[PDB]
Each structure stands twice: as structure tokens, then as C-alpha cells.
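>>> Structural data only, the sequence is not supplied:
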Ligand SMILES: [Zn+2]
């Protein structure tokens, strides 16, 4: 149904507010906020959101506390001031997906339309993208397990339309723009290996752990496609790609001729002014 | 004075040597600021505009 | 009779709420309320900022519904927002950020409770996207016309308050109407969450997806940009063939504002993408 | 092909861009279109007709 979503940083800075207005009480649980957006178009666009007092139990996980009057009053006043945005779903700040999320999401599945779920981290130490759109749809399983709520990952992007780019750029004054060239390219080409190294290294350890020490079926069926796609590149002998290395290396030669020739053109004004300026300033100095 | 010029001059050796990485920092940072302000004054020029004579 | 040097603390909450409220800043007059806590005399901090529904009357004391204001404030009191109102904001599109008689009258009526009564006017309509410089307004006492206008100490920040130096509004209407300085604040959670959030907003999902796209587009699409780049290079070299004649005749003074050097340097920078991504293809092919 | 010149009824002329939703079919010149006050975007076009042709 929905291919991609658009999440503005305003809601995540509202999660920064979720971490600001705590008051140093010692709970810092998965505070659930009421996510708002535009479900009209096929693409999802989050503009702003708000929160609702949400408290769980220490031992029992099935305890969840929501509010209908606060949702209808905040949504009623927010719709009165801005009727272009309506309820879409919710989101929790907890890093782990608990079992009670089917009951928490089920309320906004009954009263509200199909709600999207977003799992983020309480500490911004994760290098990866903090936002993951998880659609709440029921899928048929091939093994015969009963139909249950399934959270499929929907791709997400963090973009701002008109003003939030200007506000973020003014508040930071440290981040740089695209700036194609040497630095913005070589930084990605340096740290990209760590950007994949922390992800893959962080995933395959618990993966290999759950291979031998795993039960409660984790959908082993998708592991066959996992190792299949991993074995779709069986160390090609590079025999056919030699001519492609001749093509890319020939373009490299083109960059060599462009650099040497163009820089040789740049040497004109320098290697002329260095003489005509020094000898004339010297002969005319005294 | 004759032999003291060596060790006294070493302080000038260090004071002039310390400026190398400093001018490296200035020449590597002020051009980053040059492209920052350059793109900042470049992005002011927007396509929607009025045409005069 | 005493005055200090006050400064308005502006976080990203009120800023982004004034940016979404500026996107909703239609020509019709809008209303808003600022909240916060008063810790001492010469400091003021804003935390909570929301919008108000529009009305046909516009900015006025009659449009402010006390049961709606107190209702939403009470709903903020039952939640984790124990902050009292500190001021009200609005938008003045087109005719400038100055305040009319109605605005100064509802400001005079709304300043009876809070002695500070911070007033902010956002106007992103005619302001370019390069700067988001915003200014906070204040109300002066009418009985201070005999004595000095603003006996504010620490006159250093007035140089930073001199950035809005429009020659009609500031000193064109500065009588009985002055302003105050604005500073910001950012903790480590906003710095790392918003910084990594913006870097990720300019980065990819797995960060390895769109690299090979350009690494392999260098052979398909960039070749056209390389041929056209050489067409501009030769298109300048055809004049650089004529340059050594003038440079061989006059050698005195410069009449052409074109440098012919930095543009070719930029062409070399765009041409170095092949070199920088060749090692990327070497890594993808290797492992 | 992406950004062209518009001629307003009031007399002053402007230049606008292309919206990601519409295509280059109706974007060809000679067709009266509509603009927006903010960002000068294009929502849809305006088909001509005689005041009297209706
Ligand atoms: Zn007005």
C-alpha cells in the first residue's frame, strides 16, 4: 500500500522534549506519543505530533495506560487550529519491541485507521537511521502459524520542506552542505567502512548466537533467502570484467590528462607573474 | 653572547616552527569557511523572481 | 524604579514551533502563546509554545478565549508541563514586524500580570531562506520619558542587537518601542541527536546503497558531463589562445572580470570523482 | 524545460518552477496556468474560454 514515508525532525525533537520534561524521576520508560501525519496521499508525511501520559507495570508487561478524552481533545483542538493533518498512528521510544505493542497498537487499529509504528533509541549512540516505519498489517504465513499482527519494515527518509532546514542550519552552524569535491567525498569513503562495519558486525554476532541458541521460531524461512542472496556473488573470477577495468581505467586516464593539462594551464599566470612582478618590483623598488 | 646565540636562537626556532601547523589549520579551515559563505551567498539567488528592464 | 539587563533564552522548541507556525503564517492574523518559568529578574526561558485557532477579527484581546486558554493550560498542568505563560507571539506579514495600536493595546492589557511580557513577531514571508534572524520586542513605560529611555547595563550585547539595522522601523519607530537581545542554548542531546539526525538526513539508509550508483554512473551518465566539461574547457581555451596576445602587448591592468582559473579548478574537482570512486569500485570488487 | 517564464494578468512578469506532481504535457507554452503566492508553485492550469463562449 505505502512504499515510503517522510518523517520530519520536529517529532524527534519532540522526543528530545520527551527526554527534557522528564523531571528526574527515575522511570524513563517507553513514553508513547501520538504520531500525526497526512494519510491522504500514498506517501506518509509527518508534520508534528503530541504525547499522552503512558505508564506500564514493572513485572507484568500486558499493562498499558492510554487516554481517549485527551486524544480527542488534543486532536480536536489541533484539528481546529490545523485541519490539514489528522491522526495516523503512534510511536514509542523504547529500543525493544515488547509483546504488549499489539494491544497498544490495537486500540489505534480499532478507533483510528491502520497505524504505522516507529522504533527509536533513547540514546542517540546508534549510527544507523533512528526511524524505522513498521506497518501494522496481518500477513499469511506459509508454515501454518495463525494470522497475527506483523511489523514489516517500510523505508523512511528524514527531510524538511521549507523552514526546518533553515532553522536546523542556523542552530547548528557546524554541519556542512553537499559540497561535492574532495572533503565530503573522502569523508564518506573513509568512514563508510565503519558505517557498514558497526551494522554488520553488530548484527551477525547476535545472529550467529541465535542460530545455535535459538528457539521460538524466528522465521527461519527468510534465512534461506538471506544466505541465498549472500551466495548470489560467489567470488566472480573477474575474467569478463577486465575490459570494464580497461574502461574505468581509461576514464582514469582521461582524468589524468585533464588534471595535468588543466593544471598546466593554471601554471601560466603563476609562472609568469612570479617573474614579471618580482623583477619589475625589484628593478623599480630603488 | 657569541655562544649564547645558539641556545637563545633555539627559542626562535621553536616559535617559528610552531607556526607551521597553525598556518596549516588556517589555510585548511578558512577555505572551508570560504565555501560555507560561498554556498550561503549562492543559495540566496533563487529562481522565483521578477523581470525588469 | 529599577531596571536590569534581561536576555531572552530561545531553544529549538519555540524556534521550530515558530517555523511550523510560520509555514502556517497565512496573511490572516494569527495568535500564539509562549510559556516558561521565571527563575530570576534578568533571565527568561521559554520551553512550551503552541498555536491558536485563527479568527476573522485577527490579533485582538477579544479573540483570546479565557476558557480555552485556561483549559489548554490546565491540560498542560495535568501533564508534565508545569510552566506558566510568559508571553504571546504572532506574525506580521508584508507591512513589517512593527506593532500597530491594537497590538500595543492588547500588549498593555496582557502585561498587567507578567512584568516582562516577552513579545516575538516572526515574519518568514519576505525573509530569505539564508537567514532566520528573529527579534524579540518589549514595551517601555510611558512615565520614563523624563528620565533615560533604557537604563540597561552591559552595553556589549547592543552590538549584537544592532544587526537589525533597518533605517525605517528600528529608529523609524524606536520612540516608545524598543527591543531586546536574543541568544540560544543547545545541550548534548540536541547536539548529537539533531547533528547525527541531519547528517543521516543527508546520508543513506545503510550508507552503502547510493555509492555504487554513482561509481557505476561514472561510466554511463557522467561521461556526458565529462564530454560537456571538456566542451567548456575547450570553449575557454579558444579564448585562452587569444590571451597571450593581450598579455604580450599591454601587461598593465586587468579589464576582464573572468579569472578562467577557479572555474577550471572546480572542473577538476568534479573530474576527481572518478579517481575517488575508482578505489570504491576496487573495494566492492575486492570484498 | 523545468522552469519557464510566466506572464501575470496584473502586468508584472515572473518566473516559476515545476511541481513534482504535474508533468510536461500541460507545461508546454501557450496554455494559461495558475500559480501560488508562496514559492510560486503550479497547482493546475486554467483553460481559456470566451467570457461569452460560456
Ligand atoms: Zn495586518
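That came in fine, so what should we check first? Numbering: from 1, shown residues only, chains lettered A, B, ... in the order given.
>>> Chain neighbours aside, what residue packs nearest to whichever residue of the stretch 151-286 of chain A sits closest to chain B?
Taking C-beta to the nearest C-beta, chain B has its nearest neighbour within the stretch 151-286 of chain A at residue A:177, 5.4 Å off. In short, each C-beta sits where N, CA and C put it, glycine included. Distances taken as C-beta to C-beta, 6 or more residues apart in numbering or on different chains place residue B:39 nearest to residue A:177, at 5.4 Å, with adjacent residues excluded.
>>> And for that neighbour, the neighbour number?
Residue B:39 has 14 neighbouring residues, counting by other C-beta atoms under 10 Å in any protein chain shown.
>>> okay but it is in contact with residue A:179, surely?
Yes. Between residue B:39 and residue A:179 there is a contact under C-beta atoms under 8 Å: 7.0 Å.
>>> Would you map the strands across the chain?
No chain was given, so I picked chain A. For chain A, the strands defined by DSSP state E cover A:4-7, A:32-37, A:44-46, A:49-51, A:86-92, A:116-118, A:133-138, A:149-158.
>>> Chain B, not that one
B:49-50.
>>> Check it for its longest helix and report it.
Under DSSP state H, the helix in chain B containing the largest number of residues is helix B:19-42.
>>> hmm, who's touching it?
Helix B:19-42 is contacted by residues A:176, A:177, A:179, A:183, C:130 when judged by C-beta atoms under 8 Å, 6 or more residues apart in numbering or on different chains.
>>> Neighbour count for the residues you listed - can I get that in a markdown table?
Converted to a markdown table, these look like this (neighbours: other C-beta atoms under 10 Å in any protein chain shown):
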| residue | neighbour count |
| --- | --- |
| A:176 | 16 |
| A:177 | 14 |
| A:179 | 14 |
| A:183 | 14 |
| C:130 | 15 |
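>>> farthest-separated two in those?
Between any two of the contacts of helix B:19-42, the greatest separation by C-beta to C-beta is 22.1 Å, found for A:183 and C:130.
>>> Tell me what the residue nearest the centre of chain D is bridged to.
In chain D, the C-alpha nearest the mean C-alpha coordinate belongs to residue D:33, at 2.6 Å (C-alpha atoms, centre = their mean). Under DSSP bridges, the beta-bridge partners of residue D:33 are residue D:45.
>>> so what's it up against?
Shown in contact with residue D:33 (C-beta under 8 Å, 6+ apart): D:6, D:26, D:42, D:44, D:45, D:46.
>>> most surrounded residue in the residues you listed?
residue D:42 leads the contacts of residue D:33 on contacts (other C-beta under 10 Å) with 20 neighbours.
>>> how close does residue C:194 get to chain A?
Counting by C-beta to the nearest C-beta, to the nearest Å, the gap from residue C:194 to chain A is 7 Å.
>>> does that residue really touch residue A:168, like I thought?
Yes. Counting by C-beta under 8 Å, residue A:168 is a contact partner of residue C:194 at 6.7 Å.
>>> hey, what's in contact with both of the two?
residue A:9.
>>> residue contacts, the most centrally placed residue in chain A?
In chain A, the C-alpha nearest the mean C-alpha coordinate belongs to residue A:129, at 2.8 Å (C-alpha atoms, centre = their mean). Contacts for residue A:129 (C-beta under 8 Å, 6+ apart) come out as A:156, A:158, C:200, C:205.
>>> Let's have those residues in TSV, adding neighbour count and distance to chain D.
Formatted as TSV, the contacts of residue A:129 follow (neighbours: other C-beta atoms under 10 Å in any protein chain shown; distance: C-beta to the nearest C-beta, whole Å):
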residue	neighbour count	distance to chain D
A:156	21	19
A:158	18	18
C:200	20	23
C:205	14	21
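>>> what about the closest residue to residue D:16 other than its chain neighbours, which SS state?
Leaving out its chain neighbours, the residue that sits closest to residue D:16 by C-beta to C-beta, 6+ apart is residue D:40, at 4.3 Å. Three-state secondary structure (criterion: DSSP: H, G, I helix; E, B strand; the rest coil) places residue D:40 in coil.
>>> Residue D:40 reaches residue D:14, doesn't it?
Yes. At 6.4 Å, residue D:40 counts as touching residue D:14 under the criterion of C-beta under 8 Å.
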